[PDB]
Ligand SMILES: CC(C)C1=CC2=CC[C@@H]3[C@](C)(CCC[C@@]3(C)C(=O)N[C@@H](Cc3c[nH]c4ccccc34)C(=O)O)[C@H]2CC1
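Shown next as structure tokens: one chain only, the form deposited without this ligand.
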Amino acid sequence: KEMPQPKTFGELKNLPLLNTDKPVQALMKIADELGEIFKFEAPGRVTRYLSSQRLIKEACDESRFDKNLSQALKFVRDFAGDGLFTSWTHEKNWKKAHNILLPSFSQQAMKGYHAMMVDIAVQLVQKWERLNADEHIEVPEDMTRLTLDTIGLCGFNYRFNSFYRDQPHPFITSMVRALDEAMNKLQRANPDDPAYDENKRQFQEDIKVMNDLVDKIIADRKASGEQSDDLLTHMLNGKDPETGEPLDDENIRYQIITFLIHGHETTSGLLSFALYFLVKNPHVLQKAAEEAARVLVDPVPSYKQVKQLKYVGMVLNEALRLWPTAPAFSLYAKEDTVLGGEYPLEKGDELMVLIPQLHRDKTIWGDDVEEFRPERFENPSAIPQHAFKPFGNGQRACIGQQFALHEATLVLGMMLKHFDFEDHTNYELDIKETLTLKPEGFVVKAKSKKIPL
């Protein structure tokens, strides 16, 4: 079987097709025309984009395929190092950090982080309670303040105090700029061009700003001896079951930077898309609000009450179905293998899972794939294996899944309890693509139900 492939441009191959600010959406369009698999070549590289549950379930076989570091991840590694997200599975530090961190990220472990999550969530709610009549909310902007501050506090007991500032903490400014630079290098035709000397200089400065803060906090903690309810305390005290070794200080720093750079943007996007879909679907919003009011009966949510927000959970899963905020992951063939009984692959061949397209597979989800219908997830164990993959696959899946969902469910629950929301501009969905996805420029008005915290 010959494999479909979009337009080529001479020696540049398919590369010009991704000369756009929205490449994932462009690839979804190509997938719409070419089907479940297409080859994509650039000067000196080749990948194949998968879109069907049929082929993705095979790609998800860990005996056959392992996580690949995409070019995007190789650039992010310049500041995320050998943290979990940017490591090869066979690097010693991957398995070691994975073993140590798994217990710190369990559903049970979320009880320990809940109070800090509530701290920041209350700050968001109070911010919105305190807006004057003529004001509005910049949704992704505020969700980003929320998620960064939450990961800072739960991550290493540090307050960025984002809700006290117009200009973010310097660490945050550097982080966002470093992420942007790693992204720009993907579409940069002539990297050695002197017009990029300043970018390179700035990138090194921003890496230093991030390293200096995190290294200082780690050093301060070891000198103080203080024990906290945070990830840092877990990483300082944890020992690998296999070797009995703890993580060294540099790797701990990379883990912290990783939780921030990856966790903040994905979770902020999710909350933003969820609110977007709620305001665009009033009947669904009514059902979510009814549950929030019924369940969240105390001045602040308890850990247990968050799990009881069953419909809110479904709303978030349905937002992740339509716009999974980390929209792709990359795999390599471990050995020569045949995919789908039709496509021969050689050892090391690279595959890309196009998640938003997977989540629109009509053979799994039915015809109404574009409809926002949380009720799809009423019985979540009834959805076929490998049909729904917003958190990636297997041992290389999101270690932060329970953290992200606890945070998102808590915060969306509180928003729904405390406010009526208005799509005051009839916002037109504009999805900005970076390492992640977000609804750019999404704004609302929130009218308080005047319920005290």
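Heads up: residue numbers just count along the shown sequence, starting at 1.
The next section is about a form of this same protein that is not shown, the form deposited with this ligand bound.
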| property | result |
| --- | --- |
| Option touching this ligand, based on a heavy atom within 4.5 Å in the entry with it bound, out of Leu27, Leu50, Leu410, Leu416 | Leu27 |
| Contact assignment for this ligand in the entry with it bound, among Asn199, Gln71, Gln126, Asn161, heavy atom within 4.5 Å | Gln71 |
| Contact segment among 244 to 252, 290 to 298, 366 to 374, 73 to 81, judged by heavy atoms lying within 4.5 Å of this ligand in the entry with it bound | 73 to 81 |
| Site check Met3, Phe65 and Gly340: each within 4.5 Å of this ligand in the entry with it bound by heavy atom | no |
| This ligand contact at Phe85 in the entry with it bound, heavy atom, 4.5 Å | yes |
| Any non-hydrogen atom of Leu18 within 4.5 angstroms of this ligand in the entry with it bound | yes |
| Close approach of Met352 to this ligand in the entry with it bound, 4.5 Å, heavy atom | yes |
| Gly441, heavy atom within 4.5 angstroms of this ligand in the entry with it bound | no |
